Novice: 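Pasting a structure here, questions to come.
Nothing fancy with the numbering, it's 1 onward along the sequence. Just so it is clear, the values below take in all heavy atoms, side chains as well, and ignore hydrogens, waters and symmetry mates.
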Amino acid sequence: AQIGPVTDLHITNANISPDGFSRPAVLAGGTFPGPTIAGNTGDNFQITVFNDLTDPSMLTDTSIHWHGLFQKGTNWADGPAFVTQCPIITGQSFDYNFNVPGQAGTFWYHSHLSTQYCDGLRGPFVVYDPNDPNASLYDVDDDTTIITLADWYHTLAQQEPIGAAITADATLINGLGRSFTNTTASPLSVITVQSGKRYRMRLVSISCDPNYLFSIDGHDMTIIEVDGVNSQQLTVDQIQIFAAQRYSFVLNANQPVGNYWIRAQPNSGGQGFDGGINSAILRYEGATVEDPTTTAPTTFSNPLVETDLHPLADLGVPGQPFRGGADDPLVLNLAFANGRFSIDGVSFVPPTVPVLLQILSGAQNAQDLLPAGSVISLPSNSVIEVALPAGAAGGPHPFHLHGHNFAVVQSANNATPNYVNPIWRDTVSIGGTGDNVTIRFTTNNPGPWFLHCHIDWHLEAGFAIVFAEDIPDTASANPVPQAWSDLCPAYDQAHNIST
Ligand SMILES: *[C@@H]1O[C@H](CO)[C@@H](O[C@@H]2O[C@H](CO)[C@@H](O)[C@H](O)[C@H]2NC(C)=O)[C@H](O)[C@H]1NC(C)=O
Ligand SMILES: *[C@@H]1O[C@H](CO)[C@@H](O[C@@H]2O[C@H](CO)[C@@H](O)[C@H](O)[C@H]2NC(C)=O)[C@H](O)[C@H]1NC(C)=O
Ligand SMILES: [Cu+2]
Ligand SMILES: [Cu+2]
Ligand SMILES: [Cu+2]
Ligand SMILES: [Cu+2]
Ligand code: NA
């Protein structure tokens with residue numbers, strides 16, 4: 001069952017074996033992935049998070065981010081530790097009480113403390129639209145049509161070296177899959193469809209690192225949503241999905257009744273499908289209960305290319321149709337050396353006092369804010385352009401902005417910008433050497449918004465900056481509840497920190 005929009009959510013430690021290998025984890029709702037949190041557009045969500053964690057090897061503090069939800073007027077509920085709150089300590093709870101005006105689509109939630117979401121705290125978050133403009137394109141859209149793609153590690157996250165190339169041990173599809181080494185024939189996930197029906201499959205990358213080449217043997221996929229943004233229909237036979245991205249696609253159950261492989265090939269870790277790694281099963285009602293015998297093609301003739309995507313609505317692009325054609329045009333210098341990432345010469349290390357609390361206490365320019373050099377102010381009611389030229393080791397890096405989606409004016413592997421009708425999204429691959437992926441948005445959401453690579457190991461190694469958007473209006477726009485004001489005193493008392 002789905003939970004929400006008003007619900008408790010307990011965060012616990014437990015042993016799990018999603019690939020046949022037992023390890024302890026950090027779980028929401030007792031499962032991997034966590035339960036789907038769901039509501040309708042414009043609803044009030046009140047997710048009361050109970051921190052019941054006791055195992056220090058995966059951290060006993062926590063904080064949860066609602067990925068892709070704008071949090072307008074509720075910046076304190078966004079979740080990134082030391083940006084918008086101090087962590088919740090064990091034995092305490094915290095009500096994330098916010099609204100979702102003007103958004104409907106496929107989202108997710110995850111820990112936003114250190115690399116803790118890798119240890120298991122990740123689940124889907126769906127905001128349905130009772131008047132969805134795409135409703136007539138499918139018959140079925142429910143918890144059974146959500147498809148999660150996850151990387152899974154046998155080593156606990158707090159034992160992964162900082163700045164290292166860290167590699168997973170299994171790909172999990174809907175929580176199940178097989179290990180790349182010492183492979184055992186552990187259970188594979190089954191997605192069941194009825195011949196003749198059309199399904200809104202909500203594809204969610206809950207990855208901590210790899211991108212996946214996702215396909216379904218014998219089937220094609222008609223994309224209708226990208227990171228919460230409705231798209232024109234685009235039919236493809238393969239989707240390369242980067243960490244934290246989402247797509248909805250229509251699956252037409254139009255092939256013979258049978259079993260078909262679902263494939264998710266990561267860019268690192270195990271390559272291919274031997275022993276049923278990187279796989280799940282699409283089963284038609286009436287098919288024999290047996291593994292598929294289907295083949296992938298040698299090459300995919302209609303792969304997703306990001307520049308083929310266009311919004312369903314007339315969203316356009318803000319600003320002027322040339323590079324630098326914005327009120328505040330930025331170019332970030334994105335680098336890696338010696339185990340640490342940097343942005344504009346500064347490696348991100350979380351501050352002692354969360355950025356939002358520093359601003360509410362009166363710090364009112366970005367040079368007064370800590371960490372020094374890690375906070376850039378943005379002016380209010382202005383068009384922002386951010387160029388993100390690639391080249392830093394460990395790519396391709398999927399960059400994500402909190403508090404906003406953005407027009408993708410230039411995509412990976414294509415030097416031509418699009419000032420007319422590019423897709424809008426919230427997480428974007430910045431590509432490869434020489435690329436100049438560039439995003440635009442307008443500043444109508446006061447508060448500190450994190451910008452970072454969504455490969456969680458890279459974030460931990462410093463690949464982040466904070467956009468302090470409209471510092472002067474942050475306090476008036478974001479009134480804070482007493483429970484939020486209580487978090488830093490409690491956290492610092494528990495950890496013997498003086499501030
Ligand atoms: C990416 O595009 C940005 C502009 O959006 C380029 O920025 C210019 O960089 C040059 C020096 O490299 C400066 O003289 C300009 O002030 C910058 N802004 C402009 C021209 O609008 C950046 O060079 C591009 N990077 C790559 C690798 O192509
Ligand atoms: C590279 O990106 C550009 C810009 O998004 C793509 O150019 C568009 O191509 C479409 C489809 O043919 C035309 O309708 C648009 O007028 C083009 N826009 C511009 C500004 O040129 C181009 O197709 C992409 N390249 C590849 C190989 O897909
Ligand atoms: Cu996220
Ligand atoms: Cu986010
Ligand atoms: Cu990265
Ligand atoms: Cu984030
Ligand atoms: Na425009």
Side-chain angles (χ1 to χ4, degrees), residues 1-5 7 9 16 18 27-41 43 104-109 122-130 132 134-150 171-177 186-207 212 214-225 228 230 239 241 245-264 276 279-292 294:
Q2 299 185 330
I3 61 174
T7 187
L9 188 68
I16 61 168
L27 303 177
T31 61
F32 185 80
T36 301
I37 298 172
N40 295 314
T41 187
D43 277 356
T106 311
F107 307 94
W108 64 297
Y109 63 92
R122 345 181 188 165
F125 190 117
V126 178
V127 181
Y128 295 101
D129 186 347
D132 200 310
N134 286 322
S136 68
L137 300 180
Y138 53 80
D139 308 302
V140 183
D141 177 23
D142 63 22
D143 220 34
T144 77
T145 68
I146 296 168
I147 307 178
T148 61
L149 305 182
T171 299
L172 307 178
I173 302 171
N174 292 351
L176 295 172
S186 56
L188 297 182
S189 286
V190 182
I191 296 181
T192 303
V193 292
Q194 178 187 333
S195 186
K197 295 193 184 175
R198 305 156 289 180
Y199 295 78
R200 184 186 184 142
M201 298 293 190
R202 295 182 181 255
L203 185 63
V204 184
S205 172
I206 66 179
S207 188
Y212 296 92
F214 181 83
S215 64
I216 301 171
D217 288 355
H219 293 74
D220 61 17
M221 302 178 281
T222 301
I223 295 166
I224 62 163
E225 184 215 329
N230 292 335
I239 295 170
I241 186 175
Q245 291 182 332
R246 296 83 61 216
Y247 291 99
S248 291
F249 64 90
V250 179
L251 185 75
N252 193 356
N254 65 357
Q255 298 303 294
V257 166
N259 296 287
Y260 299 81
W261 293 116
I262 300 171
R263 300 178 185 283
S279 303
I281 297 173
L282 182 76
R283 179 160 295 140
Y284 283 63
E285 292 174 4
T288 300
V289 176
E290 57 193 356
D291 286 353
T294 62

Novice: Give me the atom names and distance for the closest heavy-atom approach of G276 to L188.
Specialist: O-CD2, 3.8 Å

Novice: Using side-chain heavy atoms (C-beta onward) and a distance below 4.5 Å, is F249 in contact with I216?
Specialist: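 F249 vs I216: side chains touch.
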
Novice: Stepwise, does the side-chain contact (heavy atoms from CB on, under 4.5 Å) test hold for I173 with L149?
Specialist: CA-CA 5 Å; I173 302 171; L149 305 182; 3.9 Å; yes

Novice: Side-chain contact test, heavy atoms from C-beta onward, threshold under 4.5 Å: evaluate it for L282 versus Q255 and give yes or no.
Specialist: no

Novice: Partners of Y260 by ring-ring contact (aromatic ring centres under 6.0 Å, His included), sequence neighbours excluded?
Specialist: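 For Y260, the residues satisfying ring-ring contact (aromatic ring centres under 6.0 Å, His included) (neighbours in sequence not counted) are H219, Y284.
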
Novice: Partners of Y199 by ring-ring contact (aromatic ring centres under 6.0 Å, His included), sequence neighbours excluded?
Specialist: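 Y199 satisfies ring-ring contact (aromatic ring centres under 6.0 Å, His included) with no other residue.
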
Novice: Could you tell me the separation between the CZ atom of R263 and the OG atom of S279, rounded to the nearest 0.5 Å?
Specialist: 6.0 Å

Novice: So how far is it from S186 OG to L176 CG, rounded to the nearest 0.5 Å?
Specialist: 7.5 Å

Novice: Measure the CD1-CD1 distance between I262 and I191 for me, rounded to the nearest 0.5 Å.
Specialist: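 CD1 of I191 is found 3.5 Å from CD1 of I262.
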
Novice: Compare every heavy atom of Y138 with every heavy atom of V250, then report the nearest pair and how far apart it is.
Specialist: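 Residues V250 and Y138, closest heavy atoms: CG2-CD2, 4.3 Å.
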
Novice: Just to verify, which of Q194, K197, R198 counts as forming a side chain to side chain donor-acceptor pair (under 3.5 Å) with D139?
Specialist: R198

Novice: Restricting to non-hydrogen atoms, name the atom on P33 and the atom on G175 that form the minimum distance, rounded to 0.1 Å.
Specialist: CD-CA, 3.7 Å

Novice: Please name all residues satisfying ring-ring contact (aromatic ring centres under 6.0 Å, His included) with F32, sequence neighbours left out, ordered by chain then number.
Specialist: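 With sequence neighbours excluded, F32 shows a ring-ring contact (aromatic ring centres under 6.0 Å, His included) to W152, given in chain and number order.
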
Novice: Identify the heavy atoms of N174 and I147 that sit nearest to each other, and give their distance.
Specialist: OD1-CA, 3.2 Å

Novice: CZ/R202 to OG1/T144 distance, rounded to the nearest 0.5 angstrom?
Specialist: 11.5 Å

Novice: Give the minimum heavy-atom separation between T171 and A264, together with the two atoms involved.
Specialist: CG2-O, 3.9 Å

Novice: What closest approach, in Å, do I241 and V204 show between heavy atoms, and which atom pair accounts for it?
Specialist: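 Between these two residues, the closest heavy atoms are CD1-C, 4.5 Å.
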
Novice: Keeping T294 on the side-chain end and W261 on the backbone end, is there a donor-acceptor pair under 3.5 Å?
Specialist: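 Yes, the answer is positive, given that a donor and an acceptor are paired below the 3.5 Å cut-off.
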
Novice: Under a 3.5 Å cutoff, is there a donor and acceptor pairing between the side chains of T106 and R246?
Specialist: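 No, no side-chain donor-acceptor pair sits under 3.5 Å.
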
Novice: Below 4.5 Å, heavy atoms only, C-beta onward: do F214 and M221 meet side chain to side chain?
Specialist: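 A side-chain contact under 4.5 Å exists here.
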
Novice: So, does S195 use its side chain to make a donor-acceptor pair with the main chain of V257 at under 3.5 Å?
Specialist: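 Side chain of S195 to backbone of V257, a donor-acceptor pair under 3.5 Å: no, none is there.
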
